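Before any questions on how it binds or moves, here is one chain, the form deposited in one PDB entry, in structure tokens.
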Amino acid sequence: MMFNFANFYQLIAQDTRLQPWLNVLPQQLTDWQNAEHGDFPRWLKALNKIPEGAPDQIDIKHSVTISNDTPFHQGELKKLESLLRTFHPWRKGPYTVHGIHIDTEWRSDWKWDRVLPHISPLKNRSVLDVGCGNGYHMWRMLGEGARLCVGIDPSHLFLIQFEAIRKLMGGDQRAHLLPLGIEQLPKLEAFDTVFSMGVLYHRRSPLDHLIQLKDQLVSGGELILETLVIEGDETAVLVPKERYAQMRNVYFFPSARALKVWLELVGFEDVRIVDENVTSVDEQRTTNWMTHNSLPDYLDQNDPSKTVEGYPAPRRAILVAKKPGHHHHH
């Protein structure tokens, strides 16, 4: 046993739409325990030192902020900040926990604010967050009245970060992170809303990824899909001969308008492009006195409109679509 998922097994056992998941999940998580550990056991020792127990104040509406009415002792706060610092890098965020500002590589808060007006109200919805990273967005979804959030992301570090935040939240059982790829899930048709965050361009079969997402949604459910794109019409699709912005294991970069056609082909309805930006809009940069060149490593220093390989600079599009059928329970 590296990490016990007992609490998740208990939750899905008591949920009639998720109980079928017990037919495949336990073997997958048993196998994960015996796979390459890496740093997970060292990280787990730090997680175990983070103080247990409910905080006094939680904001998951306007930010992700945890605080006590009575602040912590200088010693306990130094130790807590030091434990959290060992889990670098923190990508999604940012977080404020007992005065400590976890200053993340991404402004997930700003992207959340720009997307939220375009999505169906989360009140009482079950949500699957695919490529959920450390789980930032699941807190924001509970903040909007989500009943249940399940995150899936295969990173050991993301599971530790999530469990550290969940522990500082007092063990909130409404959000969970499973170390899985979406391809490991059976056909649940169980969630009201599915988020796919930055996964499509890593998949050799982009249409199989879109069908896998459709298969997790109830009748009339909603998909929010974010991926890297290029500018162009319905027939613009980049596939790089080697690496894209220094990344290996990259396949399809459709235009947003191309991606809209792909979603319609596999059977989604009411497809809208709701946001498109250069990725730097939502990135933070370490920009101190020691900084050499300010340009990210993945951009050409001679022309920051291009990657080091000479492709167009990264752009992120966010689409919202509907699975066919009437959405039940309002």
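C-alpha atoms forming the largest set that superposes within 1.5 Å between two forms make up the rigid core. Sequential numbering from 1, following the sequence displayed.
Heads up, the form solved in complex with a small molecule isn't pictured, but that's what we're talking about next.
Asks: Please identify, from 152-160, 256-264, 71-79, 168-176, the stretch that has a heavy atom within 4.5 Å of the small molecule in the deposited bound form.
Replies: The contacting stretch is 152-160.
Asks: Between 244, 201, 191, 90, only one gets a heavy atom within 4.5 angstroms of the small molecule in the deposited bound form; which residue is that?
Replies: Residue within 4.5 Å of the partner: 201.
Asks: Considering the small molecule in the deposited bound form, which of 210, 130, 148, 223 comes within 4.5 Å of it through any heavy atom?
Replies: Going through each option in turn, the one that passes is 130.
Asks: So in the deposited bound form, does residue 83 come within 4.5 Å of the small molecule, heavy atom to heavy atom?
Replies: The answer is no: residue 83 has no heavy atom within 4.5 Å of the small molecule.
Asks: Can residue 180 be called a contact residue for the small molecule in the deposited bound form at 4.5 Å between heavy atoms?
Replies: Close contact exists here: in the deposited bound form, residue 180 approaches the small molecule to within 4.5 Å, heavy atoms only.
Asks: Mark residue 315 yes when one of its heavy atoms lies within 4.5 Å of a heavy atom of the small molecule in the deposited bound form, and no otherwise.
Replies: No - in the deposited bound form, heavy atoms of residue 315 and the small molecule never come within 4.5 Å of each other.
Asks: Does at least one non-hydrogen atom of residue 108 fall within 4.5 angstroms of the small molecule in the deposited bound form?
Replies: Residue 108 belongs to the contact set for the small molecule.
Asks: Superpose on the rigid core, then report which one of 27, 57, 70, 288 has a CA displacement of at least 2 angstroms between this form and the one not shown.
Replies: Single hit from the list, 288.
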